[PDB]
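Asks: Below: one structure in structure tokens.
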Amino acid sequence: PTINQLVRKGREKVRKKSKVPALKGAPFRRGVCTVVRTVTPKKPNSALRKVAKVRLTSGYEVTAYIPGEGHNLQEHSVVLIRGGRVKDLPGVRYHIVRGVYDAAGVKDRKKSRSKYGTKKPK
Amino acid sequence: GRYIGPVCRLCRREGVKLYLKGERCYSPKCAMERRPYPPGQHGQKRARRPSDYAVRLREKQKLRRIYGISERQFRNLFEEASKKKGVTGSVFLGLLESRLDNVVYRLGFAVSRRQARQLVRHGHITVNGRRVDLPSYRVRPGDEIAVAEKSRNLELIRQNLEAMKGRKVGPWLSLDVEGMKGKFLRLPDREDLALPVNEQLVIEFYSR
Amino acid sequence: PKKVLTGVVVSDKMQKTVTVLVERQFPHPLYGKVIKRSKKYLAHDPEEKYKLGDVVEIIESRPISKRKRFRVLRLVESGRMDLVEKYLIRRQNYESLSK
Amino acid sequence: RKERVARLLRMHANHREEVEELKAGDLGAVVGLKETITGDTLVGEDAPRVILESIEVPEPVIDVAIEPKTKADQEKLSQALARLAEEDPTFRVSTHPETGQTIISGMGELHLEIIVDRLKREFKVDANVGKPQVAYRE
Amino acid sequence: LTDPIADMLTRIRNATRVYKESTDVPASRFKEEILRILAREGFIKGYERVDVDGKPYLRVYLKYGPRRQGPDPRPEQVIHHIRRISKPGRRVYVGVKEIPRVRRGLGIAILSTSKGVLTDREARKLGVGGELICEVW
Amino acid sequence: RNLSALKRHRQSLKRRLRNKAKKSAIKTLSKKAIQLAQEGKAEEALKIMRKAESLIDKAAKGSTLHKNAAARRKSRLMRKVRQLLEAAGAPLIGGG
Amino acid sequence: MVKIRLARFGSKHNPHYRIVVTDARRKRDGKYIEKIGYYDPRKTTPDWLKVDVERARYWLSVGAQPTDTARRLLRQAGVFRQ
RNA sequence: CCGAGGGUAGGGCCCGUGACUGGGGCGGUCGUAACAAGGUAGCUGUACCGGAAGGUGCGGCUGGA
RNA sequence: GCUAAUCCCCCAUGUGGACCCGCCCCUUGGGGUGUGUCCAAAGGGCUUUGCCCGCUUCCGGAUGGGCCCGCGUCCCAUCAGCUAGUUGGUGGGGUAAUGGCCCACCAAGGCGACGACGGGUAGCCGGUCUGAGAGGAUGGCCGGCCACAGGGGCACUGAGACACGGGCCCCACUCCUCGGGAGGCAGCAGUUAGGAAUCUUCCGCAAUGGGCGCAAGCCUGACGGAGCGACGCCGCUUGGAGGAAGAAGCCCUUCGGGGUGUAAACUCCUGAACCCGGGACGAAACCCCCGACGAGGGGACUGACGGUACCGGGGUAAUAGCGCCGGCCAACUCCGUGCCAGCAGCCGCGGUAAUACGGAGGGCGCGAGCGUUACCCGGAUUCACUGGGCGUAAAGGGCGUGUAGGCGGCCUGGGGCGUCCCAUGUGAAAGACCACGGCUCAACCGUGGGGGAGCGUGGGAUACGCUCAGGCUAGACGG
Ligand code: SF4
Ligand SMILES: [Mg+2]
Ligand SMILES: [Mg+2]
Ligand SMILES: [Mg+2]
Ligand SMILES: [Mg+2]
Ligand SMILES: [Mg+2]
Ligand SMILES: [Mg+2]
Ligand SMILES: [Mg+2]
Ligand SMILES: [Mg+2]
Ligand SMILES: [Mg+2]
Ligand SMILES: [Mg+2]
Ligand SMILES: [Mg+2]
Ligand SMILES: [Mg+2]
Ligand SMILES: [Mg+2]
Ligand SMILES: [Mg+2]
Ligand SMILES: [Mg+2]
Ligand SMILES: [Mg+2]
Ligand SMILES: [Mg+2]
Ligand SMILES: [Mg+2]
Ligand SMILES: [Mg+2]
Ligand SMILES: [Mg+2]
Ligand SMILES: [Mg+2]
Ligand SMILES: [Mg+2]
Ligand SMILES: [Mg+2]
Ligand SMILES: [Mg+2]
Ligand SMILES: [Mg+2]
Ligand SMILES: [Mg+2]
Ligand SMILES: [Mg+2]
Ligand SMILES: [Mg+2]
Ligand SMILES: [Mg+2]
Ligand SMILES: [Mg+2]
Ligand SMILES: [Mg+2]
Ligand SMILES: [Mg+2]
Ligand SMILES: [Mg+2]
Ligand SMILES: [Mg+2]
Ligand SMILES: [Mg+2]
Ligand SMILES: [Mg+2]
Ligand SMILES: [Mg+2]
Ligand SMILES: [Mg+2]
Ligand SMILES: [Mg+2]
Ligand SMILES: [Mg+2]
Ligand SMILES: [Mg+2]
Ligand SMILES: [Mg+2]
Ligand SMILES: [Mg+2]
Ligand SMILES: [Mg+2]
Ligand SMILES: [Mg+2]
Ligand SMILES: [Mg+2]
Ligand SMILES: [Mg+2]
Ligand SMILES: [Mg+2]
Ligand SMILES: [Mg+2]
Ligand SMILES: [Mg+2]
Ligand SMILES: [Mg+2]
Ligand SMILES: [Mg+2]
Ligand SMILES: [Mg+2]
Ligand SMILES: [Mg+2]
Ligand SMILES: [Mg+2]
Ligand SMILES: [Mg+2]
Ligand SMILES: [Mg+2]
Ligand SMILES: [Mg+2]
Ligand SMILES: [Mg+2]
Ligand SMILES: [Mg+2]
Ligand SMILES: [Mg+2]
Ligand SMILES: [Mg+2]
Ligand SMILES: [Mg+2]
Ligand SMILES: [Mg+2]
Ligand SMILES: [Mg+2]
Ligand SMILES: [Mg+2]
Ligand SMILES: [Mg+2]
Ligand SMILES: [Mg+2]
Ligand SMILES: [Mg+2]
Ligand SMILES: [Mg+2]
Ligand SMILES: [Mg+2]
Ligand SMILES: [Mg+2]
Ligand SMILES: [Mg+2]
Ligand SMILES: [Mg+2]
Ligand SMILES: [Mg+2]
Ligand SMILES: [Mg+2]
Ligand SMILES: [Mg+2]
Ligand SMILES: [Mg+2]
Ligand SMILES: [Mg+2]
Ligand SMILES: [Mg+2]
Ligand SMILES: [Mg+2]
Ligand SMILES: [Mg+2]
Ligand SMILES: [Mg+2]
Ligand SMILES: [Mg+2]
């Protein structure tokens, strides 16, 4: 583009699009579990991923992944969520934080216990 | 605090003898003399050609572990040398050398930096008269770094001073043995010290 | 100093007031080239001795009315209607640019 | 978690007296506490971090099903039957394994039919009540 | 034609990559002064005022390096690079402090100024600035 | 639940009275003289506009009027009276 | 009215005043008009006090008013000696 | 006189929501339109038509011979 | 209904000032001059034929403001037209003062593709974060300006307000006991609610600063300090030397062995914590005497932090955790599982021998932290000024004509607008940079130095761009 063109029109600045709108730009948001179930992931994977439907204090109602082996989350469970989508479950764009509110940490987790809210054993 | 752990495993991984014990480093009980290969289950396995990153990492931990210093304090220092004028490599090495717990060690008051550190910390070191117990004081040129004239009655200091009689010390240094005094004359030139570290590579490491 | 500007009368259709069209030039803050910006000042003509086309000078002055803060300093060139043409054509060009 | 006790209170018949101390074996109230719920343990900020015997023995012996009708105040039902499961620890909020509808478990008929209006008159929830459905087989 | 100066630099540029002995550019006292510098810095052997059908031109006699050994003997260039900075579409006007250093001194920069048509090494010593005409090396 | 600002207030109201009353007098006398100045009554006008001028300045002694406002107040008065008197002369006695 | 004042700098338990001229109603550490010296009350350096005698004289003359403990520092540096 | 605002009436913009509905994206039934001359060269603007891809008319393109 | 004054008014004096008109200088309402007119004032205190503290009018100073002008200041053109106090005039009101600020009348104008009007969003700057730089992003804490004080209107008093802790009125809410009244925490703490999340209902006026006062002094949630919180940065500790061809355990194993590992034990040395003693700097002024209440000299009172720091004597080996180990990317093996459970930032890994799941052993990385989420800049030369493209990758308008605009041949001259040069004013402080210095170091903090971009003013240069003037024929048009 000619320099004169640049003076007239100028360069369009690029705007970023929040991959996590439901957080209202918060680091985390609290919510309640309306539905807790399993959903099968897309190709080329095969499983029964544990997930939860959550109504946030932000007004949004999203579906949030439940990390680790085994959990205790049911309906009406109050739960904290964080950013990060699960690639294999479209529609899931948040993770439940283990060991906060009615969410327990993973029983008998030895490695990487902070990402699963397990306390250090004796 | 400091690394405060098993120190032989360090040398073995580095593949170079880092002198971190004093007396034993010269013994044939030195881990390096008996087992010059990396610690852990996979010590005696044919090496895999280390990546460029792999090099600069290990070349940095070398220099880092030698002085017994936190990655934080180390990094500020490096960064200080970059802001500083002229040669980043040398000046870094200089500032590293200028640390109190190091100078003390260079003048043989102790056999290890580790020991030297404790000497500074526990108080038994002074600077230009008045006591200084911080193992990080950038010693400037012109300083008298004696033993506490109130703590000279200690074998560990004595014996380590007993041996330091004739040793030719740093050109940047002078040592009044027996009277337990020591002076810091100049900051090192490049050649003045030989240590197993290609300083340029550390620079390349942080240049990533 | 009292700011002084050079411009052209493009309207004498007021009582004791003329409109002085002033051009200014400068390099573009990022793309460098010199570009023309302009502005219209309402100048005090207490004698109505200035008419369309008068290349005149106006001096920063004490307020005369709302957005009258310049008096005409002096004349520099008369009958520059060609410049009036440029300003006038464009203003008329706006009529097509509607919806 | 650490909590700031600010003032100390005693409740009388017709006034509250502010006090400076509550010795052992004595009772009163405390201002400044925010995270402490009933059944918890407080120790001096440098004291042995022990925990008293909680309590725990009676089991809810009446159970009733509640369904949010039509329909979307089951989320408005959830954060408000949460304000109460920690304060009136008696009643349980259970969802059945099979055909799972919500079963507000009370210690009694009146303990549920006075919780019935809490949800309906104070939490409003457009719902109607009845009985739990059975986990049948064939 | 819109920019004579660029054209001149270009007539030169085109001429060198085919190793022309000479090449003509239509005449202008300003093009002269620039060509004045080109010889004086040894980018060309020099120039001379000519005439083609009664039209004032300026013959520029190009300069190259020696022949070369190898698969490609085409001599090294004397003017490796020559490009306009200031343009009719966007004028470049450096002050003295901001006059660049062309290729670590190995090259020159030409600028038209209130004291004439100088180089960067030149305008610096005389302590001025002006229109950054072009850069050569 | 208390202060000495109410004291400041009680005082403010008392001052308002003195200020108002003064300004009243000024407007009353001024227009009055100007009116006589229009019919003229040349003598009685100037005769009045003096006690006007005085009271204008007397108020400016305090916080009632600012100096450069009374200055204005006095300016416009005389200009009004004189211009009026220009229709049907005989300006006697003295004031301006 | 225009004053001659100590404006605190330094830090916690490291006082370091700037003897200064500013409007009376100005914040203590706010924009002053001019600096005419400094003052280290702890006296931890050789010269813990320096007053531009010439300038303090100028302001003092025009109506600038020293604080009680401002003139002490000023007197001590002899702005009043004949 | 003006005046907070209250009221009456009629406009404008934006948000939320709505039985039903349009296609869109993501995770078995029918044919085989395109890719090899893909077994009717293909694509195309338009027009009409047909369960469906599509077919055909008129002109155009070669990114087909 | 009584009463004092530094409360209010009248008369006098008029240096002087204020106003009208005339003249003179000056040039927007600046400074003189004369005639006419108008205007001042307060007393108290002692050591008492005299000073202190106040009053009145005028002028100059100084500091703090008001108003005005140039240039700079985000997104949407799927907002393209906007405006009747609207634009100008005359007259008047108003103000400290200009102004359509307001009012009457008169004229019919004023603004807009250089983006008016409308919609969205936002307090602005010093700076801050990032970046090779250009740029981008950002305005928390500190400093400067603005705006607001439950939501709105209004004015009063005053040098100053249209006044957070002043007044009036309407609204909403709350609250005290049937007429009415009360409240305004976006002060310091604190409660409650919301939330992922943000503190003590602390100490002291000792310091500095503010208001009042002759002074003593009083007030001051400004402020100086204390408390809580790894929230951040910085410093320090959990030991130091010795100590087996190398215990036990656990892991691997070709059953020979290898690894944890000098690691531990154990030897000696040192001595965080704690214990005792001493114990601050910050504080010398205001005040008293001499001198003269001045200058100058002497002397006295005062510490919240705090019996804290720090100095000295004694003195116990005295917390370690978090992430990761397919590739990017540093760190590898056993078992368990068998497209299950699960991992995941991307490519992807799991279907019986998985360095990619889960445990273990070992290892790599940081270390009172380590990781995660969110956001900003970076890598993105992926909005390309620096510094990109457009035949087939995304991209030449279907083709002309032309408006605005951008751009433009050769020679000489005038001007000097850009451009360039020098001088000067500004560019506050803090910060940044370099230098030394103070807290034992560092963070933090002080003292000097360097100043720049921008704009104001003065002078200078004329090559290129501009403009004006005069000529040319290579562009372009015509015969
Ligand atoms: S002994 Fe040999 S191996 Fe062990 S630390 Fe000293 S040098 Fe490194
Ligand atoms: Mg798979
Ligand atoms: Mg529950
Ligand atoms: Mg360097
Ligand atoms: Mg870097
Ligand atoms: Mg007017
Ligand atoms: Mg709960
Ligand atoms: Mg009246
Ligand atoms: Mg008033
Ligand atoms: Mg007055
Ligand atoms: Mg402290
Ligand atoms: Mg109305
Ligand atoms: Mg209305
Ligand atoms: Mg009403
Ligand atoms: Mg609708
Ligand atoms: Mg639909
Ligand atoms: Mg076909
Ligand atoms: Mg087919
Ligand atoms: Mg076909
Ligand atoms: Mg076919
Ligand atoms: Mg085909
Ligand atoms: Mg067709
Ligand atoms: Mg059919
Ligand atoms: Mg058909
Ligand atoms: Mg055809
Ligand atoms: Mg009396
Ligand atoms: Mg009396
Ligand atoms: Mg009188
Ligand atoms: Mg009107
Ligand atoms: Mg007027
Ligand atoms: Mg108006
Ligand atoms: Mg007017
Ligand atoms: Mg404009
Ligand atoms: Mg808004
Ligand atoms: Mg806002
Ligand atoms: Mg601020
Ligand atoms: Mg308001
Ligand atoms: Mg409020
Ligand atoms: Mg209000
Ligand atoms: Mg107030
Ligand atoms: Mg108010
Ligand atoms: Mg206000
Ligand atoms: Mg308040
Ligand atoms: Mg209250
Ligand atoms: Mg508060
Ligand atoms: Mg605080
Ligand atoms: Mg005080
Ligand atoms: Mg005081
Ligand atoms: Mg207090
Ligand atoms: Mg504080
Ligand atoms: Mg801490
Ligand atoms: Mg730290
Ligand atoms: Mg062995
Ligand atoms: Mg073993
Ligand atoms: Mg073994
Ligand atoms: Mg050991
Ligand atoms: Mg000892
Ligand atoms: Mg001992
Ligand atoms: Mg002291
Ligand atoms: Mg005396
Ligand atoms: Mg003690
Ligand atoms: Mg000790
Ligand atoms: Mg030990
Ligand atoms: Mg990591
Ligand atoms: Mg890495
Ligand atoms: Mg690797
Ligand atoms: Mg993992
Ligand atoms: Mg397999
Ligand atoms: Mg396996
Ligand atoms: Mg594994
Ligand atoms: Mg992995
Ligand atoms: Mg980015
Ligand atoms: Mg970029
Ligand atoms: Mg870049
Ligand atoms: Mg470009
Ligand atoms: Mg294409
Ligand atoms: Mg085409
Ligand atoms: Mg044109
Ligand atoms: Mg030209
Ligand atoms: Mg032109
Ligand atoms: Mg110029
Ligand atoms: Mg500065
Ligand atoms: Mg120092
Ligand atoms: Mg400085
Ligand atoms: Mg001509």
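Chains: A, B, ... in order of the structure tokens. Residues: from 1 per chain. Ligands: from 1, in order shown.
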Could you list, as JSON, numbers by chain, all residues that come within 12 Å of ligand 38? Count only C-alpha atoms (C1' of nucleotides) and all ligand atoms.
Replies: {"I": [148, 149, 150, 151, 164, 173, 184, 185, 186]}
Asks: Considering only C-alpha atoms (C1' of nucleotides), return as a list in words whatever protein or nucleic-acid residues lie within 7 Å of stretch 19-25 of chain G, sequence-local ones (same chain, fewer than 6 positions apart) excluded.
Replies: residues 1, 2, 3, 4, 5, 6, 7, 32, 33, 34, 35, 36, 37, 38 and 39 of chain G; 63 of chain I
Asks: Give the residue list for ligand 25 at 12 Å, counting only C-alpha atoms (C1' of nucleotides) and all ligand atoms, as an MDAnalysis selection string, sorted by chain and then by residue number.
Replies: chainID H and resid 41:44 56:61
Asks: Neighbours of ligand 1 within 10 Å, counting only C-alpha atoms (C1' of nucleotides) and all ligand atoms, as a PDB file with C-alpha atoms (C1' of nucleotides), in the first residue's frame?
Replies:
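This is the output file out02.pdb:
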ATOM      1  CA  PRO B   6      24.861 -34.283  48.466  1.00  0.00           C
ATOM      2  CA  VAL B   7      27.643 -32.490  46.619  1.00  0.00           C
ATOM      3  CA  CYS B   8      29.525 -35.268  44.795  1.00  0.00           C
ATOM      4  CA  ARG B   9      26.533 -36.088  42.589  1.00  0.00           C
ATOM      5  CA  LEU B  10      26.951 -32.556  41.223  1.00  0.00           C
ATOM      6  CA  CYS B  11      30.478 -33.122  39.827  1.00  0.00           C
ATOM      7  CA  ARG B  12      29.543 -36.500  38.406  1.00  0.00           C
ATOM      8  CA  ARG B  13      26.706 -35.027  36.342  1.00  0.00           C
ATOM      9  CA  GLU B  14      28.936 -32.141  35.208  1.00  0.00           C
ATOM     10  CA  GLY B  15      31.687 -34.504  34.055  1.00  0.00           C
ATOM     11  CA  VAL B  16      34.177 -32.046  35.537  1.00  0.00           C
ATOM     12  CA  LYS B  17      35.675 -31.988  39.019  1.00  0.00           C
ATOM     13  CA  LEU B  18      34.088 -29.062  40.867  1.00  0.00           C
ATOM     14  CA  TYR B  19      36.075 -28.472  44.026  1.00  0.00           C
ATOM     15  CA  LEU B  20      33.338 -28.410  46.640  1.00  0.00           C
ATOM     16  CA  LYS B  21      34.859 -30.204  49.639  1.00  0.00           C
ATOM     17  CA  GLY B  22      38.445 -29.000  50.134  1.00  0.00           C
ATOM     18  CA  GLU B  23      40.474 -31.837  51.701  1.00  0.00           C
ATOM     19  CA  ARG B  24      38.627 -34.825  50.186  1.00  0.00           C
ATOM     20  CA  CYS B  25      38.669 -33.323  46.673  1.00  0.00           C
ATOM     21  CA  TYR B  26      42.364 -34.210  46.553  1.00  0.00           C
ATOM     22  CA  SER B  27      41.995 -37.639  48.137  1.00  0.00           C
ATOM     23  CA  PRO B  28      41.488 -40.726  45.987  1.00  0.00           C
ATOM     24  CA  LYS B  29      38.208 -41.057  47.899  1.00  0.00           C
ATOM     25  CA  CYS B  30      37.009 -38.237  45.659  1.00  0.00           C
ATOM     26  CA  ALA B  31      33.876 -39.462  43.884  1.00  0.00           C
ATOM     27  CA  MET B  32      35.230 -38.196  40.575  1.00  0.00           C
ATOM     28  CA  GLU B  33      38.451 -40.200  40.803  1.00  0.00           C
ATOM     29  CA  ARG B  34      36.467 -43.387  41.473  1.00  0.00           C
ATOM     30  CA  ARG B  35      33.346 -42.795  39.360  1.00  0.00           C
ATOM     31  CA  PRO B  36      33.593 -40.145  36.630  1.00  0.00           C
ATOM     32  CA  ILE B  66      30.839 -23.662  41.925  1.00  0.00           C
ATOM     33  CA  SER B 112      35.230 -24.914  50.998  1.00  0.00           C
TER      34      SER B 112
ATOM     35  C1'   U I 262      29.638 -39.328  51.473  1.00  0.00           C
TER      36        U I 262
END
Asks: So which residues touch stretch 52-60 of chain A within 6 Å, counting only C-alpha atoms (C1' of nucleotides), skipping near sequence neighbours fewer than 4 positions away, as an MDAnalysis selection string?
Replies: chainID A and resid 22 30:36 64
Asks: DSSP on the backbone: what in chain D comes out strand (DSSP E), as an mmCIF file with N, CA and C atoms, in the first residue's frame?
Replies:
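Writing done, so here's out14.cif:
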data_model
loop_
_atom_site.group_PDB
_atom_site.id
_atom_site.type_symbol
_atom_site.label_atom_id
_atom_site.label_comp_id
_atom_site.auth_asym_id
_atom_site.auth_seq_id
_atom_site.Cartn_x
_atom_site.Cartn_y
_atom_site.Cartn_z
ATOM 1 N N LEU D 8 -15.360 -9.068 72.458
ATOM 2 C CA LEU D 8 -15.947 -10.230 73.133
ATOM 3 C C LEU D 8 -17.249 -9.859 73.846
ATOM 4 N N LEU D 9 -18.286 -10.668 73.656
ATOM 5 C CA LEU D 9 -19.628 -10.294 74.094
ATOM 6 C C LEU D 9 -20.307 -11.286 75.033
ATOM 7 N N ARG D 10 -21.113 -10.753 75.944
ATOM 8 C CA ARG D 10 -21.993 -11.572 76.772
ATOM 9 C C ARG D 10 -23.455 -11.146 76.632
ATOM 10 N N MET D 11 -24.332 -12.107 76.356
ATOM 11 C CA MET D 11 -25.753 -11.816 76.170
ATOM 12 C C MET D 11 -26.530 -11.990 77.477
ATOM 13 N N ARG D 16 -26.537 -6.493 76.141
ATOM 14 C CA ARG D 16 -25.303 -7.227 75.890
ATOM 15 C C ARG D 16 -24.124 -6.503 76.529
ATOM 16 N N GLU D 17 -23.316 -7.216 77.302
ATOM 17 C CA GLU D 17 -22.146 -6.588 77.907
ATOM 18 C C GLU D 17 -20.903 -6.990 77.128
ATOM 19 N N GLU D 18 -20.097 -6.000 76.772
ATOM 20 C CA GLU D 18 -18.819 -6.269 76.138
ATOM 21 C C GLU D 18 -17.798 -6.687 77.192
ATOM 22 N N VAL D 19 -17.065 -7.755 76.905
ATOM 23 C CA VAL D 19 -16.058 -8.244 77.827
ATOM 24 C C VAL D 19 -14.699 -8.348 77.148
ATOM 25 N N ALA D 29 -20.027 -14.824 73.151
ATOM 26 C CA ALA D 29 -19.961 -14.696 71.705
ATOM 27 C C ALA D 29 -18.710 -13.943 71.286
ATOM 28 N N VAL D 30 -18.350 -14.037 70.007
ATOM 29 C CA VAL D 30 -17.159 -13.352 69.521
ATOM 30 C C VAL D 30 -17.326 -12.708 68.135
ATOM 31 N N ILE D 62 -36.489 -39.359 58.013
ATOM 32 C CA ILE D 62 -37.563 -39.143 57.043
ATOM 33 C C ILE D 62 -36.954 -38.581 55.759
ATOM 34 N N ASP D 63 -37.489 -39.002 54.617
ATOM 35 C CA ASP D 63 -36.948 -38.590 53.326
ATOM 36 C C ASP D 63 -38.090 -38.266 52.358
ATOM 37 N N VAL D 64 -38.000 -37.114 51.692
ATOM 38 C CA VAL D 64 -39.053 -36.674 50.771
ATOM 39 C C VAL D 64 -38.460 -36.093 49.477
ATOM 40 N N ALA D 65 -39.082 -36.447 48.354
ATOM 41 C CA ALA D 65 -38.673 -35.997 47.028
ATOM 42 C C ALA D 65 -39.249 -34.628 46.658
ATOM 43 N N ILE D 66 -38.395 -33.772 46.104
ATOM 44 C CA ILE D 66 -38.819 -32.457 45.643
ATOM 45 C C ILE D 66 -38.384 -32.288 44.180
ATOM 46 N N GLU D 67 -39.320 -31.873 43.329
ATOM 47 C CA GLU D 67 -39.028 -31.672 41.909
ATOM 48 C C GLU D 67 -39.330 -30.223 41.486
ATOM 49 N N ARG D 92 -30.605 -33.485 54.811
ATOM 50 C CA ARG D 92 -29.679 -33.803 53.732
ATOM 51 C C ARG D 92 -30.276 -33.456 52.375
ATOM 52 N N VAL D 93 -29.410 -33.041 51.456
ATOM 53 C CA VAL D 93 -29.819 -32.820 50.077
ATOM 54 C C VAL D 93 -29.199 -33.911 49.228
ATOM 55 N N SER D 94 -29.975 -34.964 49.016
ATOM 56 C CA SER D 94 -29.507 -36.121 48.275
ATOM 57 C C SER D 94 -30.212 -36.232 46.926
ATOM 58 N N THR D 95 -29.500 -36.752 45.935
ATOM 59 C CA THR D 95 -30.120 -37.092 44.664
ATOM 60 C C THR D 95 -29.988 -38.609 44.485
ATOM 61 N N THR D 102 -34.401 -35.097 43.566
ATOM 62 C CA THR D 102 -33.850 -34.596 44.827
ATOM 63 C C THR D 102 -34.682 -35.077 46.014
ATOM 64 N N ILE D 103 -33.996 -35.593 47.033
ATOM 65 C CA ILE D 103 -34.645 -36.095 48.239
ATOM 66 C C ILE D 103 -34.172 -35.328 49.477
ATOM 67 N N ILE D 104 -34.916 -34.291 49.858
ATOM 68 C CA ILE D 104 -34.600 -33.532 51.066
ATOM 69 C C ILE D 104 -34.883 -34.405 52.292
ATOM 70 N N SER D 105 -33.812 -34.899 52.904
ATOM 71 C CA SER D 105 -33.901 -35.842 54.010
ATOM 72 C C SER D 105 -34.065 -35.117 55.340
ATOM 73 N N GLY D 106 -35.225 -35.245 55.975
ATOM 74 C CA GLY D 106 -35.433 -34.589 57.257
ATOM 75 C C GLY D 106 -35.374 -35.525 58.448
ATOM 76 N N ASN D 128 -43.071 -28.574 43.118
ATOM 77 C CA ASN D 128 -44.132 -29.280 43.838
ATOM 78 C C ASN D 128 -43.584 -30.599 44.389
ATOM 79 N N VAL D 129 -44.085 -31.028 45.543
ATOM 80 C CA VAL D 129 -43.470 -32.143 46.264
ATOM 81 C C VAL D 129 -44.322 -33.430 46.276
#
Asks: Which residues form the shell of 10 Å around ligand 32 when you count only C-alpha atoms (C1' of nucleotides) and all ligand atoms, given as number ranges by chain?
Replies: C: 64-65; I: 89-93, 99-103
Asks: Sort by chain and increasing residue number a table of all residues of chain B within 10 Å of ligand 66, each with its closest pair of atoms and their distance in Å to one decimal, counting only C-alpha atoms and all ligand atoms, and write it as a tab-separated table.
Replies:
residue	atom	partner	partner_atom_place_in_ligand_line	distance
B:48	CA	ligand 66	1 (Mg)	9.8
B:50	CA	ligand 66	1 (Mg)	9.0
B:51	CA	ligand 66	1 (Mg)	9.0
B:54	CA	ligand 66	1 (Mg)	8.7
Asks: Which is closest to chain I among G:41, G:49, G:74, G:18, if we use only C-alpha atoms (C1' of nucleotides)?
Replies: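 When distances to chain I are compared using only C-alpha atoms (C1' of nucleotides), the smallest one comes from G:41.
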Asks: Enumerate, in order of chain and increasing residue number, the residues of chain C with an atom no farther than 8 Å from ligand 33, each with its shortest atom pair and distance in Å to one decimal, counting only C-alpha atoms and all ligand atoms, as a Markdown table.
Replies:
| residue | atom | partner | partner_atom_place_in_ligand_line | distance |
| --- | --- | --- | --- | --- |
| C:37 | CA | ligand 33 | 1 (Mg) | 6.3 |
| C:38 | CA | ligand 33 | 1 (Mg) | 5.2 |
| C:39 | CA | ligand 33 | 1 (Mg) | 5.0 |
| C:40 | CA | ligand 33 | 1 (Mg) | 7.8 |
Asks: Suppose we keep C-alpha atoms; can you now write the selection as a compact mmCIF listing (two decimals), in the first residue's frame?
Replies:
# COMPACT_ATOMS: atom_id res chain seq x y z
CA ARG C 37 -4.61 19.94 7.77
CA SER C 38 -6.80 23.03 7.90
CA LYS C 39 -9.22 24.89 10.15
CA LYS C 40 -11.75 27.69 10.02
Asks: Let's see if you can do this: from backbone DSSP, list all alpha helix (DSSP H) residues in chain B, as a ChimeraX atom specification.
Replies: /B:8-14,31-34,52-67,71-83,88-97,100-106,113-121,155-163,199-206
Asks: Ligand 55: which residues are within 9 Å, counting only C-alpha atoms (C1' of nucleotides) and all ligand atoms? Reply as a PyMOL selection string.
Replies: chain I and resi 246+257-259
Asks: If we count only C-alpha atoms (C1' of nucleotides) and set the cut-off at 9 Å, which residues sit around residue F:23, ignoring sequence neighbours fewer than 3 positions away in its own chain? Please answer as a list in words.
Replies: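 After dropping sequence-adjacent residues, the list is residues 18, 19, 20, 26, 27, 28, 55, 56, 59, 64 and 65 of chain F.
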Asks: Figure out the distance between atom CA of residue E:62 and atom CA of residue E:45, please, to one decimal in Å.
Replies: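 Calculated distance between atom CA of residue E:45 and atom CA of residue E:62 is 6.4 Å.
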Asks: Could you name the residues that touch residue C:43 at 9 Å or less, counting only C-alpha atoms (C1' of nucleotides), but leaving out those on the same chain fewer than 3 positions away, as a short mmCIF file (atom, residue, chain, number, x, y, z; two decimals) with C-alpha atoms, in the first residue's frame?
Replies:
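Result file is around37.cif:
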data_model
loop_
_atom_site.label_atom_id
_atom_site.label_comp_id
_atom_site.auth_asym_id
_atom_site.auth_seq_id
_atom_site.Cartn_x
_atom_site.Cartn_y
_atom_site.Cartn_z
CA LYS C 16 -18.71 42.40 11.34
CA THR C 17 -17.33 38.85 11.10
CA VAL C 18 -15.43 36.86 8.50
CA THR C 19 -14.41 33.21 8.28
CA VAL C 20 -10.66 32.72 7.85
CA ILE C 58 -5.50 36.99 12.17
CA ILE C 59 -4.06 37.53 15.63
CA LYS C 68 -14.61 34.42 18.05
CA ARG C 69 -11.14 34.77 19.58
CA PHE C 70 -9.24 36.23 16.64
CA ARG C 71 -9.22 39.68 15.07
CA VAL C 72 -7.98 40.25 11.54
#
